[PDB]
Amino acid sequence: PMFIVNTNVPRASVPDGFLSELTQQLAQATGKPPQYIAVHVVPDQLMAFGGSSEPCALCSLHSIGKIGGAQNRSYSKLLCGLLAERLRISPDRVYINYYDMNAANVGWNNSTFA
């Protein structure tokens, strides 16, 4: 699993430990060892959501499997929950795009996961 957050929240408002917290929580939610989890946070972005530049986020979660209707609802609860608590972003100003990747379409260590 790879989780990216792009947000207009400033860097100083990303708290210490947020990357580890994301990593642990995604491990828990996906059932995957945290060694396999990548996270990426991009603050200070020039963004609007609904025409407004109050705090918002555009995110992606790519995963080889573990993507589907109920799982995605459960990830969205968790992740919006973290972004609200840690970054003070209202859940209704967050979009998270979920991508179920084929193993053959993920490269790693000079090969792919196929």
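Residue indices: 1-based, along the sequence shown.
**Message:** Averaging CA B factors per stretch from the PDB record, which one is higher: 56-64 or 28-36?
**Reply:** Comparing averages over the C-alpha atoms only gives 28-36.
**Request:** Could you check which stretch, 9-17 or 92-100, carries the larger mean CA temperature factor in the entry?
**Result:** 9-17 has the higher mean C-alpha B-factor.
**Request:** Give the position of residue 80 by CA B-factor within its chain, expressed as the lowest, middle or highest third.
**Result:** For residue 80, the deposited C-alpha B-factor lands in the middle third.
**Request:** Relative to the other modelled residues of the same chain, rank the CA B-factor of residue 70 and answer lowest, middle or highest third.
**Result:** As the PDB entry reports it, the C-alpha B-factor of residue 70 lands in the middle third of its chain.
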